[PDB]
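For reference, the chain that follows is the form solved without the partner chain, supplied as structure tokens.
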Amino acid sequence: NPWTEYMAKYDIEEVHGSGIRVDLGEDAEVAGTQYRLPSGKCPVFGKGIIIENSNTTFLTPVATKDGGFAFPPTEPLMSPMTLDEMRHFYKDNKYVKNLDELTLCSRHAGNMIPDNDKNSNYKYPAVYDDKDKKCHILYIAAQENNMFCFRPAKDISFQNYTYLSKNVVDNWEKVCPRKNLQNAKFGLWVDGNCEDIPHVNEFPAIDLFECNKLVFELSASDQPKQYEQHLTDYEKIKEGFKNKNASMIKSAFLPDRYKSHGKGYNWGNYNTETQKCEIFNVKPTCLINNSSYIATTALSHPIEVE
């Protein structure tokens, strides 16, 4: 396969390794309880959280329903923090001060100790705003609760946002998707040629944005499948919550089932001419030269094209 090195970034199971729509791919103890937390190795471009029946944006600091998901005021203020502020903050750290924008944001979020637990490996995720050059640390690592109903989504208002786990790798631009591939269709390398993906499901999509949106909706998810009828502390932890009104969430019921490990309907071929989004769940291993198509993934930016 002449396509192996090129196609490496599209093996989402390998290179990302956790959920995309909902990333809760690891567990980490904070003060004696194991909490779920995002753990994917790639940035998720254009991902944010929509709070339903509300005008509050999710990057609004948590209420200390009026509030969002972001870190409340700390002293000194750790979040939000601009790119320049971050580089100045870490000036004495050779291995941190020069990391790319997104990786720096991830590492910065990763320096926030949870709940004065100095032993803990738990690290908060973050959102980077590329327009504002601002890093927002998320206090709430839950992504879907469908007190607050909400869901993850690509939305036109989120196009400059990137959702970042603690695990985002420093060379993500070499090894992860970002841009959509114009004039290219994902395929499978079989006996010296790029063949069509055998099984695809097709949907109407007015533009590339709408196709990327759909793929995202259907992509790898670490959200629980079985769960009680009412919200319970056990259900909250399974959704990625850690804190409730001034105490940690605990549950006698906590002892790997919910982890996708990157498995899902993560790829799409958008036919710009017929306005159909072609969605599949096997990793592609080549490209087909087809001028009618744009190749997208749930990780990819919903608009940007190369």
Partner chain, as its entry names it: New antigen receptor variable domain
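Between two forms, the rigid core is the largest collection of C-alphas that superpose within 1.5 Å. Numbering follows the first chain given and starts at 1.
The form deposited with the partner chain bound exists for this protein as well; it is not shown, and the discussion that follows is about that form.
Among heavy atoms of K185, none comes within 4.5 Å of the partner chain in the deposited bound form. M78 belongs to the set of residues with a heavy atom inside 4.5 Å of the partner chain in the deposited bound form. Although the partner is absent here, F89 is a contact residue: one of its heavy atoms lies within 4.5 angstroms of the partner chain in the deposited bound form.
In the deposited bound form, the partner chain stays beyond 4.5 Å of every heavy atom belonging to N193. Only one of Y227, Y90, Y234, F203 has its C-alpha shifted by 2 Å or more between this form and the one not shown once the core is superposed, and that residue is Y227.
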